[PDB]
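Just so it is clear, none of the values below were taken in a lab; they were calculated from the coordinates. Every residue, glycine as well, gets a Cβ built from its backbone with ideal geometry; the counts of neighbours run over all protein chains shown.
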Amino acid sequence: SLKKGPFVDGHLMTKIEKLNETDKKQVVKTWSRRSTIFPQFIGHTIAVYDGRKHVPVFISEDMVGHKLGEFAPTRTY
Amino acid sequence: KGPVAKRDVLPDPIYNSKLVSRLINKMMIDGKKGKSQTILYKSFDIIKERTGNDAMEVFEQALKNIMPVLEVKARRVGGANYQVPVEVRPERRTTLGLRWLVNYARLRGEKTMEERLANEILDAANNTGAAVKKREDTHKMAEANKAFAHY
Amino acid sequence: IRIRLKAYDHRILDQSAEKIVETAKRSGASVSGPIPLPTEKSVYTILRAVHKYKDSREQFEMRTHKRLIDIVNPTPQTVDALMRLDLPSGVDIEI
Amino acid sequence: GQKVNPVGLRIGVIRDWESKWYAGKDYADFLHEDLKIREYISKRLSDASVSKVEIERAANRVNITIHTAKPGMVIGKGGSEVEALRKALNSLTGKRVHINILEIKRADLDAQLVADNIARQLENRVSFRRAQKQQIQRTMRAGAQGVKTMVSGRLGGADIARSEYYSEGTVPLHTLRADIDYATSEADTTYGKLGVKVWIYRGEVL
Amino acid sequence: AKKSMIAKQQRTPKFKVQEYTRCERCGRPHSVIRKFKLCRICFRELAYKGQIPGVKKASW
Amino acid sequence: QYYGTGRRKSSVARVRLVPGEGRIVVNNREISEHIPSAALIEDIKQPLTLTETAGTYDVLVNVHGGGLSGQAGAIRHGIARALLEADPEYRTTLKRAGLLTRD
RNA sequence: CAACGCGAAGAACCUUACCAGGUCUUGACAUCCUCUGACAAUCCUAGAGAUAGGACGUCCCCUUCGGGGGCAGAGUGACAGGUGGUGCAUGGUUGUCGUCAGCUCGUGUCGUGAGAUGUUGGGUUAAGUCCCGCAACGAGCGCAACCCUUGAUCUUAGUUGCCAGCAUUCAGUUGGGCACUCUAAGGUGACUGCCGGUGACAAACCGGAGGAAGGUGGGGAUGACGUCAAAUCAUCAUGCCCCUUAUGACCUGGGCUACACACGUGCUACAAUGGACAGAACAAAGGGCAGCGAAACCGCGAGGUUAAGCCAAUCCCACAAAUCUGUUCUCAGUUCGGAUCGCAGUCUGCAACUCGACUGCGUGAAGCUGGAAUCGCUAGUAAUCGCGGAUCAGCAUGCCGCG
């Protein structure tokens with residue numbers, strides 16, 4: 001995405017809006033590693049499905065410039 | 001079986017010579033005959049400039065100097081690995097002279113292949129030269145292997 | 001006014017061209033002869049083997065002979081004649 | 001690796017195309033439709049002993065030529081057979097389909113039906129020698145410059161499967177102008193699967 | 001798992017991008033052909049059997 | 001209008017040797033305008049020097065395909081062929097060159 | 001040898017088989033049986049979705065009233081599935097000897113026998129091709145042959161090809177010609193055809209004129225009996241064995257792309273036949289309909305916007321680069337190489353993060369020719385520079401071909 005606008009899943013955006021309209025609260029589980037981090041993601045300890053488990057990650061300010069997969073490794077060693 | 005024929009292109013305005021045409025065919029890399037032609041032309045021009053003489057005679061004398069008369073061919077008769085001197089036909093002599101000229105010229109090492117070939121032609125006209133070192137080594141080997149002039 | 005043909009059948013296309021030329025000339029239209037346009041062709045490479053042996057290969061040839069016929073005189077008689085002319089389907093007559 | 005069949009090599013030399021039409025934008029679609037038609041007609045007339053079936057595209061009309069070698073078994077009364085053969089194709093294809101039926105004279109010469117009969121005799125537990133020899137004699141008396149029949153697989157053994165050759169006359173596969181009729185057949189027996197290979201040399205064209 | 005794979009190929013994909021090609025005769029991916037939509041061995045055998053009016057033996 | 005075709009390595013010389021003064025046109029261009037590295041220019045006239053035809057015929061050609069060297073070769077080959085077809089008197093002399101290679 | 005740029009002619013999901021997780025069990029898929037009637041198509045929740053909770057909504061038709069032609073569902077079991085095993089059970093398809101020239105059969109003879117004679121001996125050829133002799137006479141599979149391509153010519157035809165003679169054009173663009181390349185058709189031609197010599201006078205070989213073509217003109221297709229219990233149960237079928245509310249099926253994600261490693265194949269480099277910049281010429285083949293996309297504008301850029309034209313000798317892809325003529329640097333780990341690398345962007349696609357390519361910015365190492373040993377190449381071959389297509393929404397140093 002270059003000028004079409006940032007990228008995010010509709011269901012995840014709706015969940016985040018519902019959770020932010022009143023106050024940030026329990027983890028928001030989702031399988032959308034594709035989603036790009038926005039300023040709204042700040043404060044929400046989102047969870048990412050790495051394939052076998054959900055890894056809760058606290059999204060800070062500087063996370064806007066990365067994707068959830070950048071914080072959700074998959075390979076093991 | 002048997003031998004095979006061949007031919008080349010003689011005409012060359014700068015110092016017309018069949019051996020010059022063969023040299024042009026040699027030293028060529030990557031199918032770039034124009035580069036070799038230009039290199040030879042500029043080298044002959046530099047030769048004519050530095051030395052007040054036609055480059056044709058200098059090239060002929062360099063070839064006469066580098067041309068090897070006797071070749072030392074290896075031969076394994078038993079566990080000895082002997083060698084046999086051989087009389088080189090003029091064609092093989094010219095080809096060997098061209099090979100040595102080109103190889104030692106590019107091996108010398110200077111700022112341009114033009115100057116390298118010019119200085120090589122000079123050190124060939126004057127018997128003291130790199131290709132003449134190869135000539136002398138080959139002659140020494142042929143002399144040391146004179147015991148087998150004929151089987 | 002023009003008409004073209006496209007066929008993979010050498011002799012069938014030749015015969016169709018000859019027949020159309022005759023039918024168009026018999027009425028005095030002065031139609032130019034069949035124009036031998038370049039034949040479009042293609043080739044496909046396939047492995048003779050099933051699983052292994054990449055080196056084993058075959059080549060299939062595809063050829064289509066295209067020709068053009070341009071009428072010189074209107075001659076609606078020739079138009080009706082060609083309209084009522086029936087030829088094989090291997091040429092796919094096209095106007 | 002071994003020899004190649006003459007059916008794909010003799011095209012353009014003598015043998016004409018079993019499919020004669022010029023298509024566009026629907027080449028693969030028509031090819032698949034014709035493949036399905038051939039599959040269905042073969043599975044239906046498998047008992048009628050049909051050798052081959054050619055098709056011709058006629059601008060939304062399809063002309064099908066069938067070589068059966070026995071008309072009374074493919075047309076029979078004329079009406080019931082033609083209905084059952086044409087309306088089924090029409091319904092399964094979606095457009096008009098015209099059928100033509102030719103009869104193969106000397107039915108013992110076409111490789112397709114020859115291999116079909118050999119496979120039937122094998123499935124009938126007939127010895128692989130008697131059937132082969134009888135079919136070879138039948139073809140030779142019917143008239144053919146050369147006949148070659150090969151059967152490979154389990155001919156009664158379990159540990160080993162081997163081939164058998166039986167041919168009389170001249171079968172010059174390397175001669176381009178030979179009009180050799182080639183066809184294959186399969187026979188699924190209780191001991192496994194048997195494959196019948198038959199290519200018959202009928203004559204050369206000058 | 002061959003006819004199951006054929007049914008999966010025939011399934012209506014979520015996105016058109018998710019569509020993949022099959023030769024429509026067997027279940028052989030990995031170099032199915034476009035112009036004929038027929039499998040390698042299938043197309044070869046069919047061309048040898050006189051079908052495919054356009055394709056013949058090539059020589060150059 | 002004598003005509004000739006100097007087919008060589010995909011480079012065809014559509015040469016028409018017509019009586020002129022000696023002008024050589026290459027795809028509607030001059031000799032120096034088209035071909036640098038005149039080492040080949042003198043070679044083109046090899047047969048033109050073997051037989052005295054200096055300035056009696058003009059050479060108008062439309063050379064399509066091939067590099068500079070291949071184009072010059074096709075040009076001289078077509079020149080030789082057209083000159084032979086025009087006057088075969090010197091064919092006995094030009095048979096020792098031929099210039100036909102099927103390259 | 002005949003595995004290792006091989007299946008697989010292009011792994012973000014899909015392809016995907018394998019795995020974590022969420023699931024189902026006449027099942028994803030095809031025949032069976034009883035019915036109730038069209039299914040679809042829009043919309044909210046869970047969703048990752050499988051799938052459900054569901055609402056809007058179902059318009060099926062044909063007949064002389066039974067019924068029939070599909071689709072969905074609701075129950076039953078016959079069944080389905082097997083990328084599960086066996087290529088030491090197989091069909092089918094290919095690799096090797098091998099494009100090597102041999103392998104065989106009918107009759108007759110000999111040997112009490114397995115077997116030989118034909119196929120041995122002499123000459124000769126790419127050939128067991130041919131000739132002579134011949135206790136043997138004939139024949140088949142082979143080999144050359146006729147098949148295709150190219151090298152030259154007569155004729156048939158000049159539009160979407162060509163432009164000379166003619167007149168116009170900034171353009172071959174116009175009137176005009178089919179002279180001519182050219183293309184696509186019928187023929188011819190090269191077939192030891194002719195002469196000398198050799199050889200047995202023959203088969204056969206050297207030279208000689210013509211000719212495009214001289215001794216299968218070059219290349220492609222064509223792979224003789226059989227060997228390797230050769231490869232493929234994975235393209236397909238396949239008997240046998242095994243699972244079946246699971247060794248079957250649906251979906252999200254992951255893996256198929258990890259590397260202290262070693263080895264095959266290929267590309268790039270180590271520089272002066274060189275590096276960077278200015279100017280210039282020639283291409284051959286192939287593709288174009290949700291496809292190919294002129295031209296114009298924007299942007300250093302990859303590329304984006306409007307859009308001509310083309311179902312194509314018309315129009316486009318698509319201005320080939322090597323190369324040449326100049327300017328410039330100078331022998332250095334460098335004005336060499338661009339890998340690894342940080343950032344900013346472009347093509348596509350729901351999304352290039354595990355996971356493409358490309359572009360600009362700033363750097364830039366390994367590397368200065370590489371051990372035993374080893375590989376390909378006898379002419380338009382080697383070496384080397386570009387071009388197009390397959391697989392493809394988007395992906396090629398590999399593949400196919402061309403110059």
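So in the protein assembly as shown, what percent of DSSP beta bridges are antiparallel if you round to the nearest 5? Mind dumping the intermediate values first?
Working: 71 of 86 bridges.
Taking every DSSP beta bridge within the protein assembly as shown, about 85 percent pair in antiparallel fashion.
Report the calculated FRET efficiency for D:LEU206 and B:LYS146 (r = Cβ-Cβ distance, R0 = 51 Å), to the nearest 0.05. Spell out each step's value before the answer.
On the way: r = 73 Å, r/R0 = 1.44.
Rounded to the nearest 0.05, the efficiency is 0.10.
Counting pairwise Cα distances across chain A, what percent come out greater than 14 angstrom? Spell out each step's value before the answer.
Working: 1752 of 2926 pairs.
That fraction is 60 percent.
Roughly what % antiparallel, to the nearest 5, for the DSSP beta bridges in chain A? Don't skip to the end; give the middle numbers.
On the way: 6 of 8 bridges.
Roughly 75 percent of the beta bridges in chain A run antiparallel, per DSSP.
Per residue of chain C, what 222 nm ellipticity follows from adding -39500 (n - 2.57) for every DSSP H run with n ≥ 4, rounded to the nearest 500? Don't skip to the end; give the middle numbers.
Numbers: 2 runs with 24 residues, N = 95.
Dividing the helical sum by the residues of chain C leaves -8000 deg cm²/dmol.
Mind jotting down the distance between the C-alpha centroids of segment F:22-101 and segment D:86-150, whole Å?
What the calculation gives is 68 Å, centre to centre.
From other protein chains only, count the Cβ atoms within 10 Å of every residue's Cβ in C:82-90, then give the mean.
Details: counts 0, 0, 0, 0, 0, 0, 5, 10, 9.
Neighbouring Cβ atoms belonging to other protein chains average 3 per residue here.
Can you work out ³J(HN,Hα) from phi for every residue in segment D:128-136, in order, using Karplus 6.51 cos²θ - 1.76 cosθ + 1.60 and θ = phi - 60°, giving whole Hz and x for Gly and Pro?
5, 8, 4, 4, 4, 4, 5, 5, 5
Could you work out the local net charge near D:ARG57, counting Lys and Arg as +1, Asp and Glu as -1, over the other residues with Cβ closer than 12 Å to its Cβ?
Values: positive: D:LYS20, D:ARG61, D:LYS95, D:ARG96; negative: C:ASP92, D:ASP26, D:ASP29, D:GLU33, D:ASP34, D:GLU54, D:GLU56.
Around D:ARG57, the charge tally is -3.
Tell me the relative contact order for chain F as a rounded percent, counting alpha carbon contacts under 8 Å between residues six or more apart.
Details: 177 pairs, mean separation 42.6, N = 103.
The normalised contact order for chain F reaches 41 percent.
When chain C is treated as a GNM, springs tying every alpha-carbon pair under 10 Å, which of C:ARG63, C:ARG48, C:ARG84 comes out with the largest mean-square fluctuation?
Answer for the Gaussian network model of chain C: C:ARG48.
With contacts defined as alpha carbon pairs under 8 Å and 6 or more residues apart, what's the relative contact order of chain A in percent? All intermediate terms of the calculation are to be shown ahead of the outcome.
Working: 109 pairs, mean separation 20.6, N = 77.
Relative contact order comes out at 27 percent.
So which of D:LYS3/E:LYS57; C:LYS19/C:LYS66; D:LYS43/D:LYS87; D:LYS25/E:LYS35; D:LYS20/D:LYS105; D:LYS36/D:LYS95 end up more than 19 Å apart by C-alpha? Spell out each step's value before the answer.
Working: D:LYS3/E:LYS57 15 Å; C:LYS19/C:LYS66 16 Å; D:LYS43/D:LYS87 16 Å; D:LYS25/E:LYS35 9 Å; D:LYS20/D:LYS105 24 Å; D:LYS36/D:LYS95 14 Å.
The answer is D:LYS20/D:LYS105.
So what is the relative contact order for chain C, in percent, with contacts set as C-alpha pairs under 8 Å and at least six apart?
Numbers: 153 pairs, mean separation 44.6, N = 95.
Rounded, it is 47 percent for chain C.
Mind checking the dipole of chain B: about its Cα centre, +1 per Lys or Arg Cβ, -1 per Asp or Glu Cβ, Debye to the nearest 20?
The dipole magnitude comes to about 760 debye.
Mind jotting down a quarter of the surface of the convex hull over the alpha carbons of segment D:146-185, in square nanometres, one decimal? It would help to have the intermediate numbers written out before the result.
Details: hull surface 14.6 nm².
Spelled out: convex hull of the Cα atoms, projected over all directions, averaged, 3.6 nm².
When we measure straight from the Cα of B:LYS18, which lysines land under 21 angstrom away, once same-chain ones fewer than 8 places off are left out?
B:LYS6, B:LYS26, B:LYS32, B:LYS33, B:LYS35, B:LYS42, B:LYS48, B:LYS64, F:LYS45
In Å, what is the Rg of the alpha-carbon atoms in segment D:87-206, and how long is Dmax?
Reported Rg and Dmax, both Å: 17.1, 53.
Using DSSP, restrict attention to beta bridges with both residues in chain D and report what percent are antiparallel, rounded to the nearest 5. Walk me through the numbers on the way to the answer.
On the way: 29 of 39 bridges.
Antiparallel bridges: around 75 percent, rounded to the nearest 5.
Given chain F reduced to its alpha-carbon atoms as identical point scatterers, what log10 I(q)/I(0) does the Debye formula return at q = 0.10, 0.13, 0.16, 0.22 Å⁻¹?
-0.23, -0.39, -0.61, -1.23
Relative to the longest principal Cα axis of chain B, at what angle does helix B:55-66 sit, 0 to 90 degrees, rounded to 10?
20 degrees
Take chain B, connect every pair of alpha-carbon atoms lying under 10 Å apart with a spring to form a Gaussian network, then pick out the residue of B:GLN61, B:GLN83, B:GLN37 with the largest mean-square fluctuation.
The residue with the greatest mean-square fluctuation here is B:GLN83.
Hey, what number do you get for chain A at 222 nm if only DSSP H runs of n ≥ 4 count, each worth -39500 (n - 2.57), divided across all residues, to the nearest 500?
Numbers: 1 runs with 11 residues, N = 77.
Mean residue ellipticity at 222 nm (helix-derived): -4500 deg cm²/dmol.
Straight distance only, please: which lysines reach the Cα of A:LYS15 with their own Cα at less than 26 Å, same-chain residues fewer than 8 apart left out?
Within reach: A:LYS3, A:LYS4, A:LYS24, A:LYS25, A:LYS29, A:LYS53, A:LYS67, E:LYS14.
List the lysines whose Cα lies under 19 Å from the Cα of E:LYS8, skipping any in the same chain that are fewer than 8 positions away.
E:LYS16, E:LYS37
For chain B, set up a Gaussian network in which alpha carbons nearer than 10 Å are linked by springs, and say which option among B:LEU96, B:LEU70, B:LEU107 fluctuates the most.
Looking only at B:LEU96, B:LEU70, B:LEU107, the largest GNM fluctuation is found for B:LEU107.
Can you tell me the dipole magnitude for chain E around its Cα centre, using point charges on the Cβ only (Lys, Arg +1; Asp, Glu -1), in Debye to the nearest 20? Before the final figure, lay out the partial values.
On the way: 17 positive and 3 negative charges, 14 e Å.
Approximately 60 debye in magnitude.
Please report, largest first and rounded to whole Å, the three semi-axes of the ellipsoid equivalent to the protein assembly as shown, where each semi-axis is the square root of five times an eigenvalue of the C-alpha gyration tensor.
Details: eigenvalues 875, 442, 281 Å².
Listed largest to smallest, the semi-axes of the protein assembly as shown are 66, 47, 37 Å.
Counting each DSSP H run of 4 or more residues in chain B as -39500 (n - 2.57), what helix-only mean residue ellipticity at 222 nm follows after dividing by all residues, to the nearest 500 deg cm²/dmol?
On the way: 6 runs with 85 residues, N = 151.
Helices in chain B give a 222 nm mean residue ellipticity of -18000 deg cm²/dmol.
Please give the charge dipole size of chain F, origin at the Cα centre, charges +1 on K and R Cβ atoms and -1 on D and E Cβ atoms. Round to the nearest 20 debye.
Working: 14 positive and 11 negative charges, 102 e Å.
With only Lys, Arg, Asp and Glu charged at Cβ, the dipole is about 500 debye.
State the volume of the convex hull built on the alpha-carbon positions of chain E, expressed per residue in Å³ and rounded to an integer.
Numbers: hull volume 6.9 nm³, N = 60.
Dividing the Cα hull volume of chain E by its residue count gives 116 Å³.
Any idea what angle helix C:10-25 forms with the longest principal axis of chain C, computed on alpha-carbon atoms, 0 to 90 degrees, nearest 10?
Approximately 10 degrees, to the nearest 10.
Would you grab the residues whose amide H sits under 5 Å from the one on D:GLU168? Only those 5+ places off in sequence or on another chain, please, with H modelled 1.01 Å from N.
Under 5 Å from the amide H of D:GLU168: D:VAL147.
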